[PDB]
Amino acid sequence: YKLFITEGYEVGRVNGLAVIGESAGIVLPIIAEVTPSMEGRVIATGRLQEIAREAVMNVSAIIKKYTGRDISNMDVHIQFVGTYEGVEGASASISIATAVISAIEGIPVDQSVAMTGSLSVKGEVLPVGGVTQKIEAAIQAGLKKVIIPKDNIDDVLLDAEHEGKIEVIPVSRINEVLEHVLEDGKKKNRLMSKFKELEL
């Protein structure tokens, strides 16, 4: 069995990438759900819960500023699939942020893409460590694409036999991640129109 899905589209689920130990990359699937708060809470358990809370608060800024969704009045649940000891996740991970936006908007995410990067409260995608290791993991998982921060493109020390078993997609801003992973359709179009101010 596998803990990640590698093809097709799913709401609320993203293949993130992480590091275990110093340099063993792993695929870290995230699943998010949002519910009415019945003062909403971020609900996460386990080792990576702080990384989850930070990612949800940062994406909440962007969700409030650009889409006007009332995320402070929602409960946001973050699940990491597969509980590994000594995982390090990217702070304010873009995979968690993307999972949340997908779950709130009801727009499926491409499972054939993996991604790593740190989300700023302004919507930027900030550079992270271990990009080569994480790419290799995505290659081993048989993913088709990997999103990485622009500032980490120099940081890909592939191989000669690995370039390219995967498409690398550099990004500087969250709207770019969403263009690359959200299923095409009317809902995606409406959403992207709301981020035009972030582009500007």
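The first residue of the sequence shown is number 1, and the count goes up from there.
A.B. asks: Residues with no coordinates between residue 38 and residue 39 in the deposited sequence, how many: none, 1 to 3, 4 to 9, or 10 or more?
C.D. replies: Going from residue 38 to residue 39, the model skips 1 to 3 residues of the deposited sequence.
A.B. asks: Check the entry's C-alpha temperature factors for 125-133 and 102-110, then say which stretch has the higher mean.
C.D. replies: Higher mean C-alpha B-factor in the PDB entry: 125-133.
A.B. asks: Compare the mean C-alpha B-factor of 68-76 with that of 91-99 as given in the PDB entry, and name the stretch with the higher value.
C.D. replies: If you average the C-alpha B-factors of 68-76 and of 91-99, the larger mean comes out for 68-76.
A.B. asks: Between 138, 59, 147, 158, which one tops the list for Cα B-factor in this entry?
C.D. replies: Result of the comparison over 138, 59, 147, 158: 158.
A.B. asks: Ranked by Cα temperature factor within the chain, is residue 167 in the lowest third, the middle third or the highest third?
C.D. replies: Middle third by C-alpha B-factor.
A.B. asks: Taking only the Cα B-factors deposited for this chain, tell me whether residue 24 sits in the lowest, middle or highest third.
C.D. replies: Top third by C-alpha B-factor.
A.B. asks: Where does the C-alpha B-factor of residue 154 rank in its chain, lowest, middle or highest third?
C.D. replies: Highest third - that is where residue 154 ends up once the chain's C-alpha B-factors are sorted.
A.B. asks: What third of its chain, lowest, middle or highest, does the C-alpha temperature factor of residue 33 fall into?
C.D. replies: It belongs to the lowest third of the chain when residues are ordered by C-alpha B-factor.
A.B. asks: Split into thirds by Cα B-factor across the chain's modelled residues, where does residue 143 land: lowest, middle or highest?
C.D. replies: Residue 143: CA B-factor falls in the middle third of its chain.
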